[PDB]
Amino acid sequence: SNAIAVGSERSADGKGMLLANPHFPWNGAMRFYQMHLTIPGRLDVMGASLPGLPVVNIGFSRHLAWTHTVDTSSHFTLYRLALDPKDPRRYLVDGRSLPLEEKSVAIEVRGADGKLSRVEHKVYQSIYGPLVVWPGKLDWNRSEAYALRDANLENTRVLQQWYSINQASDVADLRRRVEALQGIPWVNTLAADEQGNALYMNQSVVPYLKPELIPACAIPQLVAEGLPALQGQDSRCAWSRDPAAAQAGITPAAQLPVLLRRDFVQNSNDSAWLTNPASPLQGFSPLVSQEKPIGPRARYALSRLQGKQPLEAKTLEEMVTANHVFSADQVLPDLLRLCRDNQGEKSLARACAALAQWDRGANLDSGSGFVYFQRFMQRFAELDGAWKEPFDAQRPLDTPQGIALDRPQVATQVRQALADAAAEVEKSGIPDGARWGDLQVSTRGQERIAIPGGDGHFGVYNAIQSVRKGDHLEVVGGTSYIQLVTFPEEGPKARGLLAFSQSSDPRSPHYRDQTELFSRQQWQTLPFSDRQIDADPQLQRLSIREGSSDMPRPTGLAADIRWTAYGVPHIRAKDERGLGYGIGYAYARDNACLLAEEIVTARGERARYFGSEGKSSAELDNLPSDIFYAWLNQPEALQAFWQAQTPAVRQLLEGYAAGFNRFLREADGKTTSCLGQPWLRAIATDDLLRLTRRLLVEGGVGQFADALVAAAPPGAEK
């Protein structure tokens, strides 16, 4: 993801400005959805949300705009267990042998003969949490095992936190509300307001270790490799408690990175360190933020942001729409000289021709030199000491740079890498003169739409990730909800797109209408004021209600919904229950089948409906996925989560479930491709809690779902 907030000292109008370019999946449980929420007098926010959540996750209001990027802080720790020498199912803490707890979950599996069979699976747990096995790295033998403690399993505040963000007035209010609750699971927050403040916060839920414990409690070999691993045989390595923290064991808000400026702040998934290089952020826990070389996207952004010239909205938009492959700036000059040094090497002629004509872009009409450049860079990354100027901590924005062609060993390996890359490109089936837009597409029914952009690891700010499918590259994730917000006199001016369009259902009018615009890179107004909404010739309006009494006076659930162009709903209600009612109904109209599928996943019922050979939209096998979510979303966990919700959040969720179900009752297939399927059914608030918790652990134990399912104690092997 990318984010840039510009303040009064650098903006062309002297006010705040925000570019939100989150990079997220184009399908599944993290597919963004645009909506505008209003409870007149006290809530008025617009942006995009994630499936099943009745709050705006990235968006803007009258005076404020905010967005998020995945951060580099740890949101869990691994614990290396010391096993009981007498018993591999017991482990030692302060030399005392403790038994592992055993939790069995039962999964129903649809077999080839259509019958259901029951599968029982044991999940072993320690005082820290479940055991995890990565064969060859985190084993469970007779000496050691590994447990995982996820900090967000106890974060019952996540929905309250975004509802609170949705009510924030300006940057200072937003900061207060986030630091007060500490409900953000695993993202940075960047924001700008009309008075020209630009805010960066690494304010998320992070395991807390007092500084004196961190070197003693770490596992050096695992930490050096990138895992937050601690000594689990020592009770002194438990997360530290500080009553200023909102949650037992997490890092107090005052110890997390914050930068409040009036020039700019930026983040492209590196640490807090170089958010703005004029004020580096340093001295934090390694669980929080480290001074690691920035990736090419952030290096690109900083190359465009530094200096003293004022920044216009158009400048930020074109940082996305230029599709510049910034990694080429570092190697392509040296690479093209090697090409000029080896004319008549027939093995390099096509590659060198394509790389020389190339516009250095990932545009629809960029030539095949992009493909040659990608395959080369995949090999260049594996070479040792091939940079002319290696990374230099005192030049962290300008290094590494160039190829060390003057060393004949580097020259030999680089030329071989280019030959191998050329061979791979030509081995694969791609026409002569094919262009990048001819290769990378998003399928919509039986047709394709050409998609610009390229992988973010090549320094394309418009990051697009794709996989080979048949004859093409199918987009699976990247640029998603785009929002560029400025604050002129009359109200917030928001511009952007939802790259993959509002609806995942091929029957919907809003299945590919913004994707056509994304292909052409034509961003649109995001209408927010009543005047803007009223000016839309596509405007449609629906009022819905159901429930208690209903008279001699207004009772029950009620919402007013207006849709503007591209199927963007604007939901007005007098309370949270009515607001949720409108959200659930509108979301179901566009995405009922998606939500039903993701609820099956979060209920651990994939194998029941689809058998063991299928996968979830997260690409986990159905039965391991079911085991994980049956373990994650046990009744006791859901009940405790529900009991911790505020009245307002409970009401939002109750309304959402009722509005979703209202659409299902009335649907006749106009926009719903799965009517009649046994897994498309009425939902409950528990189902929304299952989705919420599934999202909660995406920064923690969820990433280890396969490792949890694989964790079993050794037998009698040598």
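Numbering starts at 1 and runs along the sequence shown.
If you average the C-alpha B-factors over 437 to 445 and over 600 to 608, the higher value belongs to 437 to 445. Of the two stretches examined, 546 to 554 and 527 to 535, the record assigns the greater average C-alpha temperature factor to 546 to 554. Across the residues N342, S204, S616, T275, the deposited record lists the maximum Cα B factor for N342. Within the group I561, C217, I430, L497, the record's highest C-alpha temperature factor is found at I430. In this PDB entry, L81 carries a Cα temperature factor that places it within the lowest third of its chain's modelled residues. The deposited CA B-factor of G14 belongs to the highest third of values across its chain. Annotation for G295: CA B-factor lies in the middle third of the chain's modelled residues.
Among all modelled residues in its chain, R89 ranks in the middle third by Cα B-factor. Sort the modelled residues of the chain by CA B factor and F376 lands in the highest third.
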